[PDB]
Amino acid sequence: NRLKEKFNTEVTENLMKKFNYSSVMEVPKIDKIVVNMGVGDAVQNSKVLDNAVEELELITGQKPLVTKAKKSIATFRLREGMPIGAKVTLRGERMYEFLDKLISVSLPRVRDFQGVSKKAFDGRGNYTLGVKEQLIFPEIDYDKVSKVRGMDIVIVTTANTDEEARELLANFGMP
Amino acid sequence: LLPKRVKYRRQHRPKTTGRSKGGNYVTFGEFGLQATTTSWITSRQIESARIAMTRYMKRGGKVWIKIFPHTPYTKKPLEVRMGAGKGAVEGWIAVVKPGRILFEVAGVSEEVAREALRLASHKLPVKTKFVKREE
Amino acid sequence: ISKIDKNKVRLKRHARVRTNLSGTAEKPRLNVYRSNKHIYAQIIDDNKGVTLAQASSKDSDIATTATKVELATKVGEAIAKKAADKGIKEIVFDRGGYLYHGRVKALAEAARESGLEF
Amino acid sequence: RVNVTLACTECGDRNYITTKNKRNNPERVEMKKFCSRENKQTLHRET
Amino acid sequence: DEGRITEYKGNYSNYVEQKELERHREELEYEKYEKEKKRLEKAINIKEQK
Amino acid sequence: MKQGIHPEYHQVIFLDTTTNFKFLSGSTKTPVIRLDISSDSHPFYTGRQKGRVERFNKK
Amino acid sequence: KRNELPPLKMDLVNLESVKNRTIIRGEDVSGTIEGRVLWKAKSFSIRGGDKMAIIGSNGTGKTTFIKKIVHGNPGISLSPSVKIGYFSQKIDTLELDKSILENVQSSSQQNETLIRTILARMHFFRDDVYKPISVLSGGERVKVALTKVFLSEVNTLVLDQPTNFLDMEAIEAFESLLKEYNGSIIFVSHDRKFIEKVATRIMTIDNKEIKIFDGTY
Amino acid sequence: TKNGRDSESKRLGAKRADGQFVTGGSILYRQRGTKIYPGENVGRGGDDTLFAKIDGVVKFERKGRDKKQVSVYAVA
RNA sequence: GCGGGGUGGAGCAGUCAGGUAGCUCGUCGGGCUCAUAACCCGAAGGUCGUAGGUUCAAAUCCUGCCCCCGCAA
RNA sequence: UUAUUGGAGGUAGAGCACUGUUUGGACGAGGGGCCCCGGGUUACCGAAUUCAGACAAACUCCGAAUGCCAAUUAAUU
RNA sequence: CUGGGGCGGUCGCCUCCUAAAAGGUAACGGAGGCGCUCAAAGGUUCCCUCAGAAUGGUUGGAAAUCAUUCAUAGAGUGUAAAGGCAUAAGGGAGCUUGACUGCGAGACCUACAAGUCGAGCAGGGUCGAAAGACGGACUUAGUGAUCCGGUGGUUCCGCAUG
RNA sequence: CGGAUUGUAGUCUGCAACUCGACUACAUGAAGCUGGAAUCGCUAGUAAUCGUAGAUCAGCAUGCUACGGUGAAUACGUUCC
RNA sequence: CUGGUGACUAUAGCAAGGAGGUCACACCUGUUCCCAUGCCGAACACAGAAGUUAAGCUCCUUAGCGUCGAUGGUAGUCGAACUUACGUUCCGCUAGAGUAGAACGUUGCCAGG
Ligand SMILES: Nc1ncnc2c1ncn2[C@@H]1O[C@H](COP(=O)(O)OP(=O)(O)OP(=O)(O)O)[C@@H](O)[C@H]1O
Ligand SMILES: [K+]
Ligand SMILES: [Mg+2]
Ligand SMILES: [Mg+2]
Ligand SMILES: [Mg+2]
Ligand SMILES: [Mg+2]
Ligand SMILES: [Mg+2]
Ligand SMILES: [Mg+2]
Ligand SMILES: [Mg+2]
Ligand SMILES: [Zn+2]
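Engineer: Would you mind going over the overall build of chain G with me for this structure?
Structural biologist: Counting secondary structure elements, chain G contains six helices and ten strands. Here chain G has a C-alpha radius of gyration of 18 Å; the compact-globule value for 217 residues is 17 Å, and the two agree. For the C-alpha atoms alone, the extent of chain G along its principal axes is close to 55 × 35 × 35 Å. Across the 217 residues of chain G, 43% fall into the buried class. For chain G, the proportion of contacts with a sequence separation of at least 24, taken over those separated by at least 6, is 69%. Counting every atom, chain G has about 12300 Å² of accessible surface; 48% of that belongs to carbon and sulfur. Within chain G, one finds 31 positive and 27 negative side-chain charges whose respective centroids are separated by 3 Å.

Below, the structure is given as structure tokens:
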């Protein structure tokens, strides 16, 4: 549980010395990671669904929830009940396993890595990756199929300030 | 002058008794026109009056109409026995009760304002008087 | 993130239960309150707001080191003994806005088994 | 969507009328309903 | 056809022949109906003008 | 964690032998594992980074 | 009027035909099961655009000949271009798979509106494509098999007893489609009068031996 | 013209006033929806009528500023 | 105000009963020919007036709007 | 019938708290015509927000007088 | 029927307003719907709370799906409108068939015929640990007299007797 | 298979190869699976195919002019164009 | 005083600031059996108490939003007397808005101190 331990001792030390909190329970943590795939090509063909559904499972080690429309639109021909692919929620040791399997592994597999954004916080201390090349996870085996689909990751935290978000993510290893 | 859209084109024709629910105290400008009597006022009358004032005054001048004809009114086709529904629309009216300010004007002296609003008063079905602001 | 008050969602549920069940002297209701440490319990008529009995897992000879569900069972026995005297044979169980699976269920079974038969 | 007569599977008495989609519930539909002769709640199919 | 069992004395050729004549008879009667209706509606319109 | 929906997901030990960045985690590979570029091998995280004018003045 | 149904119109989504010098070849295919010479070891070859046919009495081995084509290479020589569409003499579909849609879309990668439109040309309406495949009548099972095997990505069709339960006014659409198909077809049928339009390389199995000529007569 | 219709009226409203003696099963307030809620010894019908269940005396009451109720209380 | 219609350039089917937009003439390029016409071979040309909904699917059903034809006025 | 008490109900009025209408302003949310990817505009401003003033049978945050329904009450009839 | 008749329109039912703060109230007065639907969109037990805006984020109005914060109702409530529902009547899940039998004090409306509500008793039950809920649906339309004939059942008669 | 196109690096000529020469090496590797209605040439060392040479010319030829190597098929016959 | 739980039209609320904790309640440690999530022990539930008052909770102050809200006066109006005027006169009731102002809750039962 290397990264839990890392966070608890070293990063907590650094960050509370930095921000001068009155207690540890002020310190921000991560409540969840949320993956999304968000694909409207299933109006066309539903094989698309089961494909990305399987790849999400392969990545996160757990089956994904299928998201569904709630309202209908005529441009995309999207209607209440037709799924738009899937999400996943992750919290626990799965959270940290996924964090590391990004930072140590696949974000170095970026083709052109100029750090990563300093702006992509909503304004509460909570971050998104809009990922392009979904096969930078190993287990896809992208010979069989080539629609990467991209992906969205959403890290969610108990921080107030985007500053604290940046600094905690820095202590994780994210630019 | 019309509304762009209304829910019910065939309304009841409004009440004329009483006095103003508001629009009595001159607000925007310096001078105004105040009804002493009750009648209806139309798009046509308003256009005419506003034209009259804006011609009597040079480009130096500012006008605020203070009423709008929300309420439509009907008239039947010609040479038609009574009944058989309710007629089409032929106009739009603002009701006016005594007290209410019809026009307000700012960018001039009181003599010019008096003459302009005098010229306009003759193009409405209503007796008017000339108003200045209060304390 | 804003964290959520379990007590408040519970009480919002409690009200929906209490819309139906109210109690009376003929049969009062068995108030139940839970906490991460231990349980409090009352038996009350709500025509007058007059708690007819009480027992708690806090201040008693019931208090022991096991905050196990058995301590809930003993709260049940305690209100059973302390209430059967006062002429209370039947009652309306209050779920409390909790769920009837654990400590709540254990207290209820205890009270049933201790003569305070619903 | 059509009219439906039920009937008890141990006497043969109808005892109930109702309605059903002939599309969505196409089969000979069956439900447990009181039967006034046996004085027991009994399985009643359609006829 | 649509649950209606039509019966036909003879051979499959006779089926073809009989159904052919029946199709033809039906189309003709339909054309007659449409034509007549058209005519009477036109009459109605003229008479209303007057 | 239910039973019947999750695939196998056990512990695994990654390795960037380009610097032997040897690391522990969990995955679905089925426990000796390769890595090719990582934090201690990538130009950003490691800091390192590998003209017509010059080309013309060569000649 | 009678609400007259629109006619049968079958489709083949596309064959980007290449017409190259040969599609199939094989040599000395020992035709037997056990103790029975069903046919002699013989060669064969099928070329770009061939409306190959087969004619044989009962218990000959036409079906097994087609099975040798579709599986195994004993004395056979295939290429990676040919992608067979196998229509069986049996069902070949999933009986209680919960929709014609599913059982078809299993083997094809096309849009829902095109596939339901093709089914509608076959006269399987909006609320009928969710019917189970066991419930169905024979002729419409045959039609659904054919649609699945069309919208399969294929260029050569392999049809053991089509036209079998179908009706006189879909067999004509099928006649014309096969007449007009830019690609290769191989098939069995006992209807010489159906074959009159279709065949270009007629075959004949008999007396444990084989013959193969070209054109009709 | 495209109009000229309306439906029968249904005689909604109060049918037994306040401070009044009422027998069981007596309609009090026919309505549509809970224009008025029930109270004590009052039931709400399928069509939202309000009927007494016991003999007694009617009292319309308050239930929080946009919500009334009605209670049939016994007498002695 | 009432009633019918608007589908490549022209005229017509298809709308009733929703399932891949069709017919004749024409247009464009090429052929034949001393050249043009005819004729032969290919190809373009259609948000089915428009804007909204229903539908897996709209020329098709529903809504709204702009024109066209008669009647009237 | 009146006195008293209580009660249901949404009218005239009034108001804009929703529904729609509407004036003049302050910003604007970003488009559009036009000029040279970006940047301009004596302009629509679809909107959002806000200040002030206004409209309503089928709007109401509010809400009369009357009328009504009754009362273990009194009086006159 | 009808501001003569006639044409045009309408004829029965449901909801608003006219309708004058009980109820009721007309007109060829103004606006709209109905002639169904649902074996769950019913019953019950558990749980959940929306729409919309700002921001961050791939296929980009970032409108598809996601994350957060705001947001008390502007969503949804099968379907017209009104009255109501967020202590849910709205949305999911598990089990079931009370969309039961015989009735029914007392009431509303009411010319009549009809229509509506209905506790409660008994029988035999689904759900819930129990209390208890349940004689369809958030409510109000979603219908058609008698004669006649058809079908089934029956401790009913059966032209002297059977 | 074919070798278009484009990228880089080079060689020769020249007063200088952007417009605008040829050539090379490397990289890339398009269209094209023997051509619709129509239509051309050829009767023998011809047609067909493979190379070579030369004038113009600093340099540039799939063209022109000329050379050889291999080497056919058929001509019933004049009914038709 | 804390906690539980009822009652009253938010005068009770929203908002801002500040404060307290091992006796409560909380966050909190984990999925160990009951139990559970169209996926995750987030939730639900359970074995817990190493840890922290940060947050939730509760308490103090403030009248910025919301709520409540007079008197006086006004519109309106039953009735009456005159008259037909887009009305007046007399009496009785009596708004709505607003203005001053109220208010940052109060009690009832029970276990603890
Ligand atoms: N498993 C088996 N065991 C024994 N004999 C078999 C087996 N399978 C097939 N056969 C025989 O092999 C021959 C196969 O006949 P097949 O179906 O190929 O003929 P066909 O040309 O399709 O004729 P048709 O369909 O008109 O009968 C027949 O004799 C059949 O009886
Ligand atoms: K005048
Ligand atoms: Mg009902
Ligand atoms: Mg008014
Ligand atoms: Mg009003
Ligand atoms: Mg008349
Ligand atoms: Mg007359
Ligand atoms: Mg009334
Ligand atoms: Mg007899
Ligand atoms: Zn029975």
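Engineer: Would you explain the interface of chain F and chain A in this entry?
Structural biologist: Reports of interface size often rely on the accessible area that becomes lost once the parts have come together. At the interface, 23 residues of chain F touch 23 residues of chain A. Counting each side, the surface lost to burial between chain F and chain A is near 2100 Å², with a carbon and sulfur contribution of 58%. Between chain F and chain A we count one salt bridge in total. Note that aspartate 36 of chain F is salt-bridged to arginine 109 of chain A, the shortest N-O span being 2.6 Å. The tally of links from chain F across to chain A stands at six residue pairs in polar contact.

Engineer: In this structure, what is going on with the sheet that holds strand β3 (residues 27-30) of chain H? I would like to understand it.
Structural biologist: Sheets are built from strands paired through backbone hydrogen bonds, the pairs being either parallel or antiparallel. Residues and elements named next belong to chain H. If you walk across this open sheet you meet the four strands as β1-β3-β5-β4, and the pairing is antiparallel. At either end of the open sheet lies a strand with only one pairing partner, and these are β1 (13-14) and β4 (42-44). Note: β4 against strand β5 (residues 50-52), three bridges, orientation antiparallel. Bridge pairing links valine 42 to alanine 52 in β5.

Engineer: Is there a simple way to think about the coordination of the zinc ion (ligand 10) in this case?
Structural biologist: In an ideal octahedron of six donors the angles at the metal are 90 or 180 degrees, and in an ideal tetrahedron of four donors they are 109.5 degrees. Residue and element names in this part refer to chain D. Coordination of the zinc ion (ligand 10) by the protein involves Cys8 (SG), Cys11 (SG), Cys35 (SG) and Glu38 (OE), with metal-donor separations of 2.4 to 2.8 Å. Geometry at the zinc ion (ligand 10) is irregular, judged from its four donor atoms and the angles of 76 to 126° they form at the metal. Here the donor residues of the zinc ion (ligand 10) share one chain and are spaced in sequence as C-x2-C-x23-C-x2-E. Placement of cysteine 11 in the loop between β1 (2-8) and β2 (17-20) and of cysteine 35 in strand β3 (residues 30-35) is noted, with a sequence separation of 24 residues between them.

Engineer: Is there a simple way to explain the site of ligand 1 in this structure?
Structural biologist: Residues and elements named next belong to chain G. Near ligand 1, the surroundings consist of 13 residues, among which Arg36, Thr60, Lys62, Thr63 and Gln89 are the closest. Contact between ligand 1 and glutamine 89: an oxygen atom at 2.8 Å from a side-chain N or O atom of the residue. Its free accessible area being 650 Å², ligand 1 has 56% of it covered by the protein chains. The element contributing the most residues to the shell around ligand 1 is helix α1 (residues 62-70), with three residues. Here the residues of the shell around ligand 1 sort into two nonpolar, nine polar and two charged.

Engineer: What should I look at first to understand the protein's contact with RNA strand L in this one?
Structural biologist: Near RNA strand L you find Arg52, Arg55 and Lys59 of chain F together with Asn20 of chain G, and these make up its full shell. Sugar and phosphate atoms form 69% of the subset of RNA strand L atoms that lie within 4 Å of the protein. One of the side-chain nitrogen or oxygen atoms of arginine 52 of chain F is found 3.5 Å away from a phosphate oxygen of RNA strand L. Contact between RNA strand L and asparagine 20 of chain G: a base oxygen at 3.2 Å from a side-chain N or O atom of the residue. For the surface near RNA strand L, the per-class residue count stands at no nonpolar, one polar and three charged.

Engineer: I tried to follow the nonpolar core on my own but got confused; where do I start?
Structural biologist: Buried together is how nonpolar side chains tend to be arranged in soluble globular proteins. Counting residues in hydrophobic clusters, the biggest one holds 40 residues, and the most contacted among them are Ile33, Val35, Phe98, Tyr127, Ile153 and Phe172 of chain A. Among the elements of the structure, α1 (2-19), β1 (30-36), α2 (47-60), β3 (83-90), α3 (93-106), β4 (127-131), β5 (151-157) and α4 (162-172) of chain A are those that each provide at least two residues to this core. Per-element tally for this core: the top contributor is α3 of chain A, with six residues. Other than its neighbours up to four places away in sequence, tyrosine 127 of chain A contacts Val116, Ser117, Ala120, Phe121, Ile153, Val154, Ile155, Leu169 and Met174 of chain A. Core analysis: the next-biggest nonpolar cluster, separate from the first, contains 39 residues, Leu15, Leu166, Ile185 and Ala199 of chain G among them.

Engineer: Just to check I follow, could you spell out the interface of chain A and chain G for this structure?
Structural biologist: Taken together, the contact between chain A and chain G spans four residues of the former and six residues of the latter. Both sides of the chain A and chain G interface together cover about 400 Å² of buried area, and 26% of this is carbon and sulfur. For the chain A face of the interface with chain G, the top three residues by lost area are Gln44, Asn45 and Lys47 of chain A, together amounting to 79%. Summed over the shared surface of chain A and chain G, the number is zero salt bridges. Linking chain A with chain G are two residue pairs in polar contact. A class-by-class count of the residues in the side of chain A that touches chain G yields one nonpolar, two polar and one charged.

Engineer: Honestly, the pattern of salt bridges in this entry has me stumped. Any pointers?
Structural biologist: One side chain can pair with another of opposite charge once the charged atoms of both are near each other. Inspection of every chain in the model, using the stated rule, returns 32 salt bridges over all chains. Between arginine 2 of chain G and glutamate 26 of chain E there is a salt bridge, and its shortest N-O distance comes to 2.8 Å. Of this pair, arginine 2 of chain G sits in the segment before β1 (24-26) while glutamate 26 of chain E sits in helix α1 (residues 12-49), placing the two residues on different chains. With a shortest N-O distance of 3.4 Å, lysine 179 of chain G and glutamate 180 of chain G are connected by a salt bridge. When its relative accessible area of 44% is taken as the criterion, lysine 179 of chain G is described as partly exposed. For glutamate 180 of chain G, a relative accessible area of 58% translates into the label exposed. Connected through salt bridges with shared partners, the residues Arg18, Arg29, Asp46 and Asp94 of chain C form a single ionic network.

Engineer: Mind showing me how you'd approach the environment of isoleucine 79 of chain C here?
Structural biologist: All names here are of chain C. Relative to the helices and strands, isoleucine 79 resides in helix α2 (residues 70-84). Given the relative accessible area of 0%, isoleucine 79 is considered buried. The spacing of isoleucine 79 and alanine 110 is 31 residues in sequence and 9.6 Å in space, taken between C-alpha atoms. Beyond its immediate chain neighbours, meaning those up to four positions away, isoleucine 79 contacts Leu30, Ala41, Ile43, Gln54, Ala55, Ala84, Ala111 and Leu116.

Engineer: I would appreciate a short explanation of the protein's contact with RNA strand K in the present structure.
Structural biologist: Residues in contact with RNA strand K amount to 95 residues; listed here are only the nearest, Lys71, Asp122 and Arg149 of chain A, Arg95 of chain C together with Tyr16 of chain D. The protein-proximal atoms of RNA strand K, defined as those within 4 Å of the protein, are 70% sugar or phosphate. Within the side chain of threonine 67 of chain A, an N or O atom sits 2.6 Å from a sugar or linking oxygen of RNA strand K.

Reading the values: rules and limits
Residues numbered from 1 in each chain as written, not as in the entry; some residues may be left out. Chains lettered and ligands numbered in written order. Part of a larger assembly, values for the part shown. Heavy atoms only, no water. Helix = DSSP H or I, 4+ residues; strand = E, 2+ residues; numbered from the N terminus. Rg over C-alpha atoms; globule rule 2.2 N^0.38 Å. Buried < 20%, exposed > 50% of the residue type's maximum accessible area, 1.4 Å probe, protein only. Contact = heavy atoms within 4.5 Å. Areas by Shrake-Rupley, 256 points an atom, 1.4 Å probe, with all protein chains shown as cover. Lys, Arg positive; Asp, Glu negative; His and termini not counted. Charge placed at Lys NZ, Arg CZ, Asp CG, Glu CD. Buried area = accessible area lost by both parts, 1.4 Å probe. Salt bridge = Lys/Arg side-chain N within 4 Å of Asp/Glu carboxyl O. Polar contact = N/O pair within 3.5 Å; in protein donor to acceptor, adjacent residues only side chain to side chain. Pairing = 2+ DSSP bridges. Donors = N, O, S within 2.8 Å, 3.2 Å for Na, K, Ca; no water. Tetrahedral: all angles 85-135°; square planar, octahedral: opposite > 155°, others 65-115°. Near = heavy atom within 4 Å. Nonpolar A, V, L, I, M, F, W, Y, C, P; charged D, E, K, R; others polar. Core = buried A, V, L, I, M, F, W, Y, C linked by side-chain atoms within 4.5 Å.

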